[PDB]
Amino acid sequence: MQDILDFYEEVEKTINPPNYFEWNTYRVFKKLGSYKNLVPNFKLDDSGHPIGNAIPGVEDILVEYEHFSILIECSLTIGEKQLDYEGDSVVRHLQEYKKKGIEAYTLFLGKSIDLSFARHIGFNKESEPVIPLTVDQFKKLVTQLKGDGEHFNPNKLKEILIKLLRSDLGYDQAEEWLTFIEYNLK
């Protein structure tokens, strides 16, 4: 697992960083295990390298656990372009999945979380819960989960995502929300 986490620092030097970023994130969830289904929305070439070829309109990665699902959306885009490029598709994918009636969260993974994007995805935390993490926060989360040899319990991950969601905070409390996530993780 530490190998996968360290590889995030090499993603930007690959031939197609976006493809390797989503792939590396899939490797984390595959290694954590304990899922019923894990669906990467991209393909591998014959050397096992990610090569994109995503289906339009579908989340980057879906992991279905027994009692809930996580849609994982990965982007190397920063600043207001993060909102412009990802805001609508992140929310739309979750809305679509939630039509199934299954408890689900989106984990959005970026290098840095833009405040306008956070305001957008914080609009409806009841029906469209999205938890934004930076790569550094996500690494901390994985290491806290696995570094001491604890079995991976998806239900513990669900509890953590609900805590980090801060459903008590409305969209216009984005500064406080992102501070809370950082403070809890880092």
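Counting begins at 1, following the sequence as shown.
J.: Comparing 40-48 with 58-66, which has the greater mean CA B-factor as deposited?
T.: Looking at the recorded C-alpha B-factors, 40-48 comes out higher on average.
J.: Looking only at CA atoms, which has the higher mean B factor in the entry: 142-150 or 124-132?
T.: Comparing 142-150 with 124-132, the higher mean C-alpha B-factor belongs to 142-150.
J.: Looking at the temperature factor on the CA atom of residue 99, which third of the chain's modelled residues does it land in?
T.: Its C-alpha B-factor belongs to the middle third of this chain's values.
J.: Would you mind ranking residue 169 by its C-alpha B-factor against the rest of the chain and naming the third, lowest, middle or highest?
T.: Within its chain, residue 169 is a middle-third residue by C-alpha B-factor, going by the deposited values.
J.: Should residue 75 be placed in the lowest, middle or highest third of its chain by the C-alpha B factor in the entry?
T.: Lowest third.
J.: Using the B-factor values recorded in the entry, state whether the Cα atom of residue 180 falls in the lowest, middle or highest third among the modelled residues of its chain.
T.: According to the entry, residue 180 has a C-alpha B-factor in the chain's lowest third.
J.: Quick check for you: using the entry's CA B-factors within this chain, is residue 92 in the lowest, middle or highest third?
T.: Its C-alpha B-factor, which the entry lists for residue 92, ranks in the middle third among residues of this chain.
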